[PDB]
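Asker: Protein chains in written order, with the authors' numbering: chain A, 13 to 50; chain B, 40 to 268; chain C, 40 to 134; chain D, 165 to 245.
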Amino acid sequence: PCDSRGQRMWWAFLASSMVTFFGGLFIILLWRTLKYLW
Amino acid sequence: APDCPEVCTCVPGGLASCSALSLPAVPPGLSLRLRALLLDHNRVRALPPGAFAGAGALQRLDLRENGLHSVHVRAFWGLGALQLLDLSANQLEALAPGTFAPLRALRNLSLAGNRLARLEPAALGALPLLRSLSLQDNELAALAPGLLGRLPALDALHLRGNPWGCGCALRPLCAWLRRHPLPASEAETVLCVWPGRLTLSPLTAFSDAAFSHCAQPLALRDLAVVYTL
Amino acid sequence: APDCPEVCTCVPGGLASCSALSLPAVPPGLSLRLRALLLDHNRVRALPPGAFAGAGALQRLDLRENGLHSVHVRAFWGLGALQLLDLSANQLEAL
Amino acid sequence: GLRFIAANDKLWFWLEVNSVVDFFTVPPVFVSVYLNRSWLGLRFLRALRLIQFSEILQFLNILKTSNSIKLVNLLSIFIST
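1) Along chain A, which residues have their Cβ under 7 Å away from the Cβ of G205/D?
2) Below 7 Å on C-beta distance, what does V195/D contact in chain B?
3) Assign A24/A to one of three DSSP states: helix, strand, or coil.
4) Nearest CA to the CA of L78/B: which residue from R170/B, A90/B and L71/B?
5) Mark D173/D as exposed unless 16 or more other C-beta atoms lie within 10 angstroms of its C-beta, in which case mark it buried.
6) Consider the Cβ of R44/A: report whether some Cβ of chain B lies at a distance smaller than 8 Å.
7) Per the DSSP calculation, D101/B is bridged to which residue(s)?
8) Cβ closer than 7 Å: which chain D residues qualify as neighbours of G35/A?
9) Got a sec: which bits of the segment 220-254 of chain B sit with their beta carbon under 7 Å from any beta carbon on chain A, in order along the chain?
10) List the whole-angstrom C-beta distance separating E104/B from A128/B, where the pair is believed to meet the contact cut-off of C-beta under 8 Å.
11) From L190/B to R170/B, what does the alpha carbon distance come to, in whole angstroms?
12) Roughly how many whole angstroms lie between the Cα atoms of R218/B and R146/B?
13) Please report the straight-line C-alpha distance between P234/B and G68/C, rounded to a whole angstrom.
14) Using the beta-carbon of each residue, which ones in chain C are nearer than 8 Å to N201/B?
15) Under 8 Å Cβ-Cβ, which residues of chain A neighbour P184/B?
16) Can you give me the C-alpha to C-alpha distance between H197/B and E180/D, rounded to a whole angstrom?
17) Can you give the Cα-Cα distance for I39/A and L199/D, rounded to whole angstroms?
18) Give the straight-line distance between the Cα atoms of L268/B and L212/B, rounded to the nearest whole angstrom.
19) Below 7 Å CB to CB, which residues in the same chain sit around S244/D once its five sequence neighbours on both sides are set aside?
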C-alpha cells in the first residue's frame with residue numbers, strides 16, 4: 013500500500029546521532045579527567 | 040403571542056417554523072417557550088455571535104439549505120439544551136474550535152453537503168452524549184487521529200461521497216468501523232479515492248494485515264534499540 | 040422497491056429518472072437492476088470518486104445542466120457497461 | 165574506525181567535520197534499516213564530506229603545485245557549503 017506516514021517520529025534518528033556524539037565526548041572527557049586524577 | 044416571531048408560524052408546544060420565508064437574518068425575539076425552531080431554505084449567510092440568545096430551552100435547531108459559510112465561536116449561545124442540529128446542505132469550509140462545546144445534550148449533528156476540507160478533533164469538542172454523526176458529501180480527505188476519542192456514545196456515522204485517501208491516516212477511522220458493523224447498503228457506497236492502486240476498495244475490508252507496515256506506537260524494546268544502535 | 044432511490048422515480052425495466060429534484064449530490068443506494076439513470080437539471084457541482092459504484096449494469100447516464108466543473112479520474116466507477124453519457128451544458132474546463 | 169585508530173588527539177578528532185557528519189549520517193541510516201522507515205533528516209550533511217577532497221588529492225600526489233591546491237580547496241569549500 014501507500015501513505016504509510018500517519019505521524020512523525022523524527023526524534024529517533026536525531027536522538028541516536030546526538031547520543032552517539034555526546035557519549036563519545038563524555039567518555040573522552042571522563043578518560044581525560046581520570047588520567048588527570050590518576 | 041409574544042413568544043412567537045411575527046413573520047414565522049408557531050404551534051402549541053413550543054414548535055416554531057420559519058421555512059419558506061427568505062429570511063436574510065435570524066429572526067429576533069427568541070423565547071424560552073419555544074422547544075424546536077425551523078430555519079431551512081433561507082438566506083442567512085452570516086450567523087452573528089449569540090444569535091440564538093434567549094431560547095435556552097430549545098431542543099431542535101435546523102439550518103439546512105441556508106448557505107452558511109462561517110459560524111462564530113459563541114453563536115450557539117444559550118443553547119445548553121439543544122439536541123438536534125442540521126447544518127447540512129451548506130457551504131461551511133471551516134469551523135472554529137469550541138463552537139460546539141456548550142452543546143452537552145447534542146445527539147444529532149449534520150454536516151452533509153458541506154465544503155469542510157478538514158475536520159479537527161478540537162472542532163467537535165467534548166461530546167459525551169452524542170450518539171450519531173453525518174459527514175457525507177464533504178471534502179474530508181482523512182480523519183486525524185483523536186477526533187473519535189471524545190465520542191464514547193458514537194454508534195452511527197455516515198461517510199459516503201468523501202475523498203477518503205486510504206492510508207495510515209485513517210487507521211483510527213477503520214478501528215471504529217471494525218467494531219461498528221456498517222449496513223451493507225452503506226458499506227458498498229464507501230470506497231477509497233487515492234491512490235489508484237486501492238481504487239474500488241471498501242474501507243471495511245482493510246484489516247490489520249493490510250496495514251501492518253503503518254507507524255506502530257512506540258514500544259520499549261525498539262526505544263532502547265534506537266538509542267543503542 | 041430497494042433497487043429504486045427514495046427521492047427518485049423508477050419504472051419497470053431498470054429506467055430511473057431523478058430530474059427536477061434539485062439534488063445537491065448523487066443519490067445513494069445504486070443497484071444493478073437499473074439500466075438507465077437520469078440526473079439532469081440538478082446542482083451536483085462536485086462528483087465524488089466512485090459515485091456511481093454498484094450500478095455496473097447501467098447503460099445510459101445523463102448529467103446535462105448540472106453545473107459540473109470537475110470530475111475525478113475514478114468517479115464513474117463500476118460502469119464498464121455504460122454506453123450513453125451526457126455531460127453537455129456544464130462548466131467542465133478540464134478533464 | 166581506521167581514522168580513529170590513527171588519530172593523534174581523540175578529543176580534537178571527535179570534533180572534526182568529517183567525524184560529525186559520520187556521526188549524524190551513519191546511525192540514522194542504520195536505524196532506518198532497522199525500523200523499515202526512512203526519514204530525510206540530516207542526510208544533507210553528506211555534502212560536507214565533499215570538503216575532504218584536497219587532502220585526498222594531495223595524498224595521491226596528483227595535486228602538487230600551490231595554485232591548483234588552493235583552487236581545489238576553494239572550489240570544494242564553496243560547493244560543499
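Even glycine gets a Cβ: it sits at the ideal position worked out from N, Cα and C.
Answerer: Per the coordinate set shown:
1) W22, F25 and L26
2) Those within 7 Å of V195/D in chain B are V265 and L268.
3) helix
4) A90/B
5) exposed
6) It does not: the Cβ of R44/A has no partner Cβ on chain B nearer than 8 Å.
7) Per DSSP, the beta-bridge partners of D101/B are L77/B and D125/B.
8) For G35/A, there are no neighbours in chain D by C-beta distance under 7 Å, as the nearest C-beta there is about 10 Å away.
9) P234, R236, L237, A249, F250, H252, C253 and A254
10) With a contact defined as Cβ atoms closer than 8 Å, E104/B and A128/B qualify at about 4 Å.
11) 8 Å
12) 21 Å
13) 25 Å
14) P87
15) Taking the beta carbon of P184/B as reference, the chain A residues within 8 Å of it are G18 and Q19, listed in sequence order.
16) Those two C-alpha atoms are separated by around 59 Å.
17) 28 Å
18) 34 Å
19) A211, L212, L214 and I215
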